[PDB]
file entry_15.txt (compact mmCIF, C-alpha atoms and all ligand atoms)
# COMPACT_ATOMS: atom_id res chain seq x y z
CA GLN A 1 -100.81 -5.06 91.50
CA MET A 2 -103.86 -6.74 89.87
CA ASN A 3 -105.16 -6.65 86.28
CA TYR A 4 -108.40 -5.75 84.52
CA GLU A 5 -109.37 -9.09 82.97
CA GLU A 6 -109.55 -10.78 86.40
CA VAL A 7 -110.93 -8.05 88.67
CA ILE A 8 -113.66 -7.44 86.09
CA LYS A 9 -115.20 -10.83 86.84
CA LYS A 10 -115.26 -10.04 90.58
CA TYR A 11 -118.03 -7.53 89.74
CA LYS A 12 -118.98 -7.82 86.06
CA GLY A 13 -119.96 -11.44 86.05
CA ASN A 14 -120.98 -10.83 82.43
CA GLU A 15 -124.44 -9.51 81.54
CA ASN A 16 -123.34 -7.07 78.86
CA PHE A 17 -124.66 -3.62 79.65
CA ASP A 18 -126.64 -0.77 78.16
CA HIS A 19 -123.87 1.18 76.41
CA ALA A 20 -126.11 4.25 76.18
CA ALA A 21 -125.95 5.81 79.65
CA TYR A 22 -124.85 5.31 83.23
CA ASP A 23 -123.96 8.35 85.36
CA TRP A 24 -122.28 8.12 88.75
CA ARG A 25 -123.43 11.63 89.69
CA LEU A 26 -126.74 9.86 90.45
CA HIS A 27 -125.85 6.67 92.35
CA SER A 28 -123.84 8.11 95.25
CA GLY A 29 -120.66 7.90 93.21
CA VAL A 30 -119.45 11.48 92.68
CA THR A 31 -117.97 13.84 95.25
CA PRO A 32 -118.05 17.61 94.81
CA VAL A 33 -115.79 19.39 92.35
CA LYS A 34 -112.88 21.35 93.78
CA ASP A 35 -110.72 24.17 92.44
CA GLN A 36 -107.00 23.54 92.03
CA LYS A 37 -106.71 27.32 91.59
CA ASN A 38 -103.21 28.32 90.45
CA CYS A 39 -101.03 25.18 90.68
CA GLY A 40 -100.61 22.36 88.17
CA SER A 41 -101.70 19.53 90.46
CA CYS A 42 -104.55 17.81 88.60
CA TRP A 43 -102.71 14.48 88.97
CA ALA A 44 -103.45 14.92 92.67
CA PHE A 45 -107.11 15.95 92.41
CA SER A 46 -107.81 13.24 89.84
CA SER A 47 -106.38 10.43 91.96
CA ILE A 48 -107.83 11.68 95.25
CA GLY A 49 -111.13 12.03 93.42
CA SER A 50 -111.21 8.44 92.19
CA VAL A 51 -110.67 7.11 95.72
CA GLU A 52 -113.27 9.45 97.21
CA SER A 53 -115.68 7.78 94.77
CA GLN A 54 -114.66 4.23 95.67
CA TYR A 55 -115.26 4.96 99.36
CA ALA A 56 -118.67 6.46 98.63
CA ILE A 57 -119.66 3.32 96.69
CA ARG A 58 -117.95 0.27 98.18
CA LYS A 59 -118.29 1.44 101.82
CA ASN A 60 -120.85 4.32 101.42
CA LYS A 61 -119.02 7.09 103.33
CA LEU A 62 -118.58 10.77 102.34
CA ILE A 63 -115.03 12.18 102.55
CA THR A 64 -113.01 15.13 101.34
CA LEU A 65 -109.31 14.28 101.37
CA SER A 66 -106.25 16.49 101.49
CA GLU A 67 -104.86 16.74 97.99
CA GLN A 68 -102.38 19.06 99.71
CA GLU A 69 -100.76 16.25 101.72
CA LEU A 70 -100.30 14.43 98.41
CA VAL A 71 -98.41 17.32 96.79
CA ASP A 72 -96.21 17.79 99.86
CA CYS A 73 -95.31 14.11 100.26
CA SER A 74 -95.67 12.36 96.87
CA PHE A 75 -92.06 12.19 95.75
CA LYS A 76 -92.42 10.32 92.48
CA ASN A 77 -94.51 13.39 91.46
CA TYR A 78 -92.99 16.82 91.12
CA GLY A 79 -95.36 18.87 93.30
CA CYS A 80 -97.35 21.75 91.83
CA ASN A 81 -95.26 21.39 88.65
CA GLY A 82 -96.97 18.16 87.62
CA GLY A 83 -97.24 14.47 88.26
CA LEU A 84 -98.57 11.16 87.03
CA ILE A 85 -101.56 9.18 88.24
CA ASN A 86 -100.01 5.77 88.91
CA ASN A 87 -97.05 7.45 90.63
CA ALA A 88 -99.59 9.06 92.98
CA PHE A 89 -101.40 5.80 93.76
CA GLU A 90 -98.02 4.17 94.39
CA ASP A 91 -96.89 6.98 96.69
CA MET A 92 -100.41 6.81 98.18
CA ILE A 93 -100.00 3.24 99.42
CA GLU A 94 -96.44 3.92 100.63
CA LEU A 95 -97.85 6.68 102.85
CA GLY A 96 -100.62 4.32 103.95
CA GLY A 97 -103.49 6.78 103.66
CA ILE A 98 -104.13 10.51 103.44
CA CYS A 99 -105.59 12.97 105.92
CA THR A 100 -109.14 14.30 105.91
CA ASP A 101 -109.30 17.48 103.82
CA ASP A 102 -110.30 19.32 107.01
CA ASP A 103 -107.36 18.43 109.29
CA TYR A 104 -105.02 19.04 106.31
CA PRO A 105 -106.64 21.63 104.06
CA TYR A 106 -105.66 22.63 100.55
CA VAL A 107 -103.68 25.80 99.87
CA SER A 108 -102.85 25.78 96.13
CA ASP A 109 -99.29 26.89 95.17
CA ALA A 110 -98.57 28.19 98.67
CA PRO A 111 -95.44 26.48 100.03
CA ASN A 112 -96.40 24.00 102.72
CA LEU A 113 -94.58 21.29 104.61
CA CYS A 114 -95.34 17.60 104.37
CA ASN A 115 -96.60 16.75 107.88
CA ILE A 116 -97.98 13.23 108.30
CA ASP A 117 -98.67 13.98 111.98
CA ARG A 118 -101.20 16.73 111.17
CA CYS A 119 -104.22 14.40 111.54
CA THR A 120 -105.22 11.39 113.62
CA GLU A 121 -106.93 8.67 111.56
CA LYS A 122 -106.12 8.31 107.88
CA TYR A 123 -107.81 6.87 104.80
CA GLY A 124 -105.93 4.50 102.51
CA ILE A 125 -106.29 2.32 99.46
CA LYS A 126 -105.23 -1.28 98.94
CA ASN A 127 -104.20 -1.40 95.28
CA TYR A 128 -104.70 0.19 91.87
CA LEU A 129 -105.04 -1.18 88.36
CA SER A 130 -104.89 0.07 84.80
CA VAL A 131 -107.81 0.10 82.39
CA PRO A 132 -107.32 -1.02 78.79
CA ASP A 133 -107.93 1.68 76.20
CA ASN A 134 -111.23 0.05 75.16
CA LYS A 135 -113.33 -1.52 77.91
CA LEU A 136 -114.04 1.91 79.43
CA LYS A 137 -117.84 1.85 79.58
CA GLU A 138 -117.62 -1.70 80.93
CA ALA A 139 -115.19 -0.53 83.62
CA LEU A 140 -117.24 2.46 84.79
CA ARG A 141 -120.58 0.67 84.90
CA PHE A 142 -119.17 -2.01 87.21
CA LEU A 143 -115.95 -0.70 88.82
CA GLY A 144 -116.46 3.05 89.19
CA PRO A 145 -115.01 6.42 88.23
CA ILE A 146 -111.54 6.51 86.70
CA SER A 147 -108.50 8.79 86.71
CA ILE A 148 -107.21 9.56 83.23
CA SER A 149 -104.93 11.79 81.17
CA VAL A 150 -105.84 14.09 78.28
CA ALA A 151 -104.62 16.72 75.82
CA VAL A 152 -106.07 20.21 76.11
CA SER A 153 -106.35 23.53 74.29
CA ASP A 154 -107.42 27.08 75.02
CA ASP A 155 -110.68 26.51 73.14
CA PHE A 156 -111.15 23.91 75.87
CA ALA A 157 -111.20 26.30 78.82
CA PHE A 158 -114.08 28.39 77.47
CA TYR A 159 -116.45 25.39 77.53
CA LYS A 160 -119.82 26.06 79.14
CA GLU A 161 -122.42 23.51 77.97
CA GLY A 162 -123.44 20.61 75.71
CA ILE A 163 -121.23 18.30 73.68
CA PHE A 164 -117.66 19.45 73.12
CA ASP A 165 -115.41 17.99 70.45
CA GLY A 166 -113.36 21.07 69.61
CA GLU A 167 -109.62 21.63 69.46
CA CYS A 168 -107.47 19.04 71.24
CA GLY A 169 -103.78 19.28 72.20
CA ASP A 170 -100.34 18.23 71.06
CA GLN A 171 -99.76 15.76 73.89
CA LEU A 172 -101.34 14.80 77.18
CA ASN A 173 -101.21 17.72 79.57
CA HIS A 174 -103.92 17.40 82.25
CA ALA A 175 -105.37 14.69 84.49
CA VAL A 176 -109.05 14.37 85.39
CA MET A 177 -111.89 11.95 86.18
CA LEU A 178 -114.34 9.88 84.14
CA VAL A 179 -117.69 9.66 85.88
CA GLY A 180 -119.98 8.09 83.31
CA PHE A 181 -121.44 8.05 79.83
CA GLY A 182 -124.70 9.15 78.28
CA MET A 183 -126.55 10.17 75.16
CA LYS A 184 -129.03 12.81 74.01
CA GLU A 185 -130.88 12.33 70.73
CA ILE A 186 -130.19 15.61 68.92
CA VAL A 187 -131.51 16.50 65.47
CA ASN A 188 -128.87 17.26 62.80
CA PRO A 189 -129.96 20.85 61.99
CA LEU A 190 -129.31 20.28 58.26
CA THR A 191 -130.58 16.78 57.50
CA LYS A 192 -132.97 17.16 60.47
CA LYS A 193 -133.05 13.51 61.46
CA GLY A 194 -132.81 11.55 64.67
CA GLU A 195 -129.10 11.36 65.41
CA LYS A 196 -127.87 9.73 68.60
CA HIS A 197 -124.93 11.69 70.04
CA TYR A 198 -123.01 9.77 72.69
CA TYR A 199 -120.94 11.55 75.31
CA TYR A 200 -118.62 10.88 78.23
CA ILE A 201 -119.26 12.82 81.45
CA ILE A 202 -116.29 14.42 83.18
CA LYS A 203 -115.30 16.11 86.43
CA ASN A 204 -112.59 18.76 86.47
CA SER A 205 -110.60 20.62 89.12
CA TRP A 206 -111.51 24.25 88.37
CA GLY A 207 -114.56 25.02 90.50
CA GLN A 208 -118.31 24.87 89.99
CA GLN A 209 -118.09 28.21 88.14
CA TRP A 210 -116.57 26.39 85.14
CA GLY A 211 -118.46 24.36 82.53
CA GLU A 212 -121.66 22.54 83.54
CA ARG A 213 -121.64 23.33 87.27
CA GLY A 214 -118.03 22.06 87.22
CA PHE A 215 -118.29 19.20 84.72
CA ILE A 216 -118.02 18.86 80.93
CA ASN A 217 -119.17 16.31 78.35
CA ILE A 218 -117.33 14.90 75.33
CA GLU A 219 -118.67 13.12 72.28
CA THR A 220 -117.91 9.48 71.65
CA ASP A 221 -119.67 6.42 70.22
CA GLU A 222 -121.85 3.59 71.48
CA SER A 223 -118.93 1.16 71.69
CA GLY A 224 -117.17 3.88 73.68
CA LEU A 225 -113.90 3.81 71.71
CA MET A 226 -113.86 7.33 70.28
CA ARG A 227 -111.29 8.64 72.76
CA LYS A 228 -111.31 12.27 71.71
CA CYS A 229 -108.11 14.12 72.58
CA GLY A 230 -106.18 10.94 73.34
CA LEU A 231 -108.76 10.08 75.96
CA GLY A 232 -107.61 7.71 78.67
CA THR A 233 -104.35 6.52 77.14
CA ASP A 234 -103.15 6.65 80.73
CA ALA A 235 -106.09 5.39 82.78
CA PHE A 236 -106.02 3.88 86.28
CA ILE A 237 -108.63 3.37 88.99
CA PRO A 238 -108.04 2.68 92.73
CA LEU A 239 -109.35 -0.30 94.66
CA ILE A 240 -109.90 -1.06 98.35
CA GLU A 241 -111.26 -4.60 97.96
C1 LIG B 301 -100.90 12.37 83.40
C2 LIG B 301 -99.92 13.50 83.08
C3 LIG B 301 -99.52 13.34 81.61
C4 LIG B 301 -100.60 14.85 83.35
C5 LIG B 301 -99.60 16.02 83.52
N1 LIG B 301 -99.98 17.34 83.01
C6 LIG B 301 -99.95 18.57 83.79
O1 LIG B 301 -100.27 19.58 83.25
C7 LIG B 301 -99.53 18.63 85.27
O2 LIG B 301 -98.81 19.81 85.51
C8 LIG B 301 -100.73 18.57 86.21
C9 LIG B 301 -101.73 19.74 86.03
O3 LIG B 301 -102.66 19.91 86.86
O4 LIG B 301 -101.65 20.53 85.05
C10 LIG B 301 -98.10 15.81 83.78
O5 LIG B 301 -97.70 15.74 84.89
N2 LIG B 301 -97.18 15.73 82.65
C11 LIG B 301 -95.75 15.56 82.83
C12 LIG B 301 -95.40 14.28 83.59
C13 LIG B 301 -93.91 14.24 83.92
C14 LIG B 301 -93.63 14.80 85.32
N3 LIG B 301 -93.91 16.23 85.36
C15 LIG B 301 -92.86 17.23 85.48
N4 LIG B 301 -91.46 16.84 85.57
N5 LIG B 301 -93.16 18.45 85.51
call {"tool": "encode", "arguments": {"input": "entry_15.txt", "output": "C-alpha cells"}}
result
Amino acid sequence: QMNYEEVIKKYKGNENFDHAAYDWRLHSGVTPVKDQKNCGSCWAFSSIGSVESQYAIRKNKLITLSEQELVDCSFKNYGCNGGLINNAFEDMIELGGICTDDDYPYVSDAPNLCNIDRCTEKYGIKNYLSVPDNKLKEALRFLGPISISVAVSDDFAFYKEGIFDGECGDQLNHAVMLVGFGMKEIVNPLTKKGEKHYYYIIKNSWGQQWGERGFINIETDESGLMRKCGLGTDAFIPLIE
C-alpha cells in the first residue's frame, strides 16, 4: 500500500524547496470546482478530485469523473450520509475505476442505483498512501494535491476572500483538497511593518459562487505545520505510478 518516506524519493530526490509558494492552479494541476449541493458527500468529491489532479499531471489528460458512481457503490462509506477518504480509495481500486462524469452524471441526494455498466471505458488508480502530519508542503510540491479532513464552523461558510483563521470545529466534519501554499506580505495595520502571512490554498465542493471563485485560503507558517482546524490529520493522496 506504499509509504511516504520511500515514494518521496521517487520524485523528491532532495533539493529542499521554496516553502513560500507553489500553486497547482497554475501548473495544469487543478480541475474545476463542483457543487455537492445538498448531500454530505465531500469524502467523494475530495477523493475524486485528488485523482483528477494526478491524471492531469502524471499523464496530462482532463477528466471529470462521476462522484455519483462512488456514492452508489462505495460500501465502506455510508453514501450521502458521510464517508472516509481512505475507505473511498480502497473501494475505488476494488471497483477498478470510475465512469466519466458525463456517462454517469452527478445528481446530489437523489436516490440512484449503482450501475457499473453505465459507461464503456473506466479510469482507475493503482494505489494510495498517507501523508505524515508535517511534510505537507514537501508532498504537494513534488507529489500533488491531497485529500484531507477538517473541522468546520458556521463562521466558515460565510468566507469570501483573503486569509481565514476564524472559528474552527469540535471534531473533523468535512473532507476537501489541498492544492498548494503561498504567501502575501501584508502590513500589520497597528505596528505597520512587513509581516509575511503564509497560507494554504484549498478547493471545496460548493460551487464557484462560494469563497474565492470556489476556493479559500488558510493561514499557516513557513514550515507549514500550523494545521489550523486540525488540518490534515487524515490526509491521503492517490497514485497511478
Ligand atoms: C473524513 C471524515 C471525517 C469526513 C466526514 N464528515 C462529513 O461531514 C461527511 O458527511 C461528508 C460531507 O460532505 O459532509 C465523515 O464522514 N465523518 C464520519 C465518518 C464515519 C462514517 N460516517 C457515517 N456513519 N455517517
call {"tool": "closest_residue", "arguments": {"input": "entry_15.txt", "among": "A:40, A:29, A:169, A:189", "to": "residue 150 in chain A", "atoms": "only C-alpha atoms"}}
result
A:169
call {"tool": "residues_near_ligand", "arguments": {"input": "entry_15.txt", "ligand": "ligand LIG 301 (chain B)", "cutoff": "8 Å", "atoms": "all atoms listed in the file", "output": "PyMOL selection string"}}
result
chain A and resi 36+39-44+77-78+80-85+148-150+172-175+234
call {"tool": "closest_residue", "arguments": {"input": "entry_15.txt", "among": "A:200, A:228, A:238, A:211", "to": "residue 20 in chain A", "atoms": "only C-alpha atoms"}}
result
A:200
call {"tool": "residues_around", "arguments": {"input": "entry_15.txt", "residues": "residue 140 in chain A", "least_positions_apart": "3", "cutoff": "12 Å", "atoms": "all atoms listed in the file", "output": "VMD selection string"}}
result
chain A and resid 8 11 to 12 17 to 19 21 to 24 29 50 53 to 54 131 134 to 137 143 to 147 177 to 182 200 to 201 224 235 to 237
call {"tool": "atom_distance", "arguments": {"input": "entry_15.txt", "atom1": "CA of residue 128 in chain A", "atom2": "CA of residue 76 in chain A"}}
result
15.9 Å
call {"tool": "closest_residue", "arguments": {"input": "entry_15.txt", "among": "A:152, A:190, A:65, A:226", "to": "residue 47 in chain A", "atoms": "only C-alpha atoms"}}
result
A:65
call {"tool": "atom_distance", "arguments": {"input": "entry_15.txt", "atom1": "CA of residue 46 in chain A", "atom2": "CA of residue 198 in chain A"}}
result
23.2 Å
call {"tool": "closest_residue", "arguments": {"input": "entry_15.txt", "among": "A:108, A:74, A:64, A:86", "to": "residue 123 in chain A", "atoms": "all atoms listed in the file"}}
result
A:64
call {"tool": "residues_around", "arguments": {"input": "entry_15.txt", "residues": "residue 107 in chain A", "least_positions_apart": "3", "cutoff": "12 Å", "atoms": "only C-alpha atoms", "output": "ChimeraX atom specification"}}
result
/A:34-39,41,66-72,80,101-102,104,110-113
call {"tool": "write_last_selection", "arguments": {"input": "entry_15.txt", "atoms": "C-alpha atoms", "output": "mmCIF file, in the coordinates of the input"}}
result
data_model
loop_
_atom_site.group_PDB
_atom_site.id
_atom_site.type_symbol
_atom_site.label_atom_id
_atom_site.label_comp_id
_atom_site.auth_asym_id
_atom_site.auth_seq_id
_atom_site.Cartn_x
_atom_site.Cartn_y
_atom_site.Cartn_z
ATOM 1 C CA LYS A 34 -112.880 21.350 93.780
ATOM 2 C CA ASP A 35 -110.720 24.170 92.440
ATOM 3 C CA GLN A 36 -107.000 23.540 92.030
ATOM 4 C CA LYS A 37 -106.710 27.320 91.590
ATOM 5 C CA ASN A 38 -103.210 28.320 90.450
ATOM 6 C CA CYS A 39 -101.030 25.180 90.680
ATOM 7 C CA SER A 41 -101.700 19.530 90.460
ATOM 8 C CA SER A 66 -106.250 16.490 101.490
ATOM 9 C CA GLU A 67 -104.860 16.740 97.990
ATOM 10 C CA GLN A 68 -102.380 19.060 99.710
ATOM 11 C CA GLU A 69 -100.760 16.250 101.720
ATOM 12 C CA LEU A 70 -100.300 14.430 98.410
ATOM 13 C CA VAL A 71 -98.410 17.320 96.790
ATOM 14 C CA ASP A 72 -96.210 17.790 99.860
ATOM 15 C CA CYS A 80 -97.350 21.750 91.830
ATOM 16 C CA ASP A 101 -109.300 17.480 103.820
ATOM 17 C CA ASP A 102 -110.300 19.320 107.010
ATOM 18 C CA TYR A 104 -105.020 19.040 106.310
ATOM 19 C CA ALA A 110 -98.570 28.190 98.670
ATOM 20 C CA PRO A 111 -95.440 26.480 100.030
ATOM 21 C CA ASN A 112 -96.400 24.000 102.720
ATOM 22 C CA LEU A 113 -94.580 21.290 104.610
#
call {"tool": "atom_distance", "arguments": {"input": "entry_15.txt", "atom1": "CA of residue 164 in chain A", "atom2": "CA of residue 197 in chain A"}}
result
11.1 Å
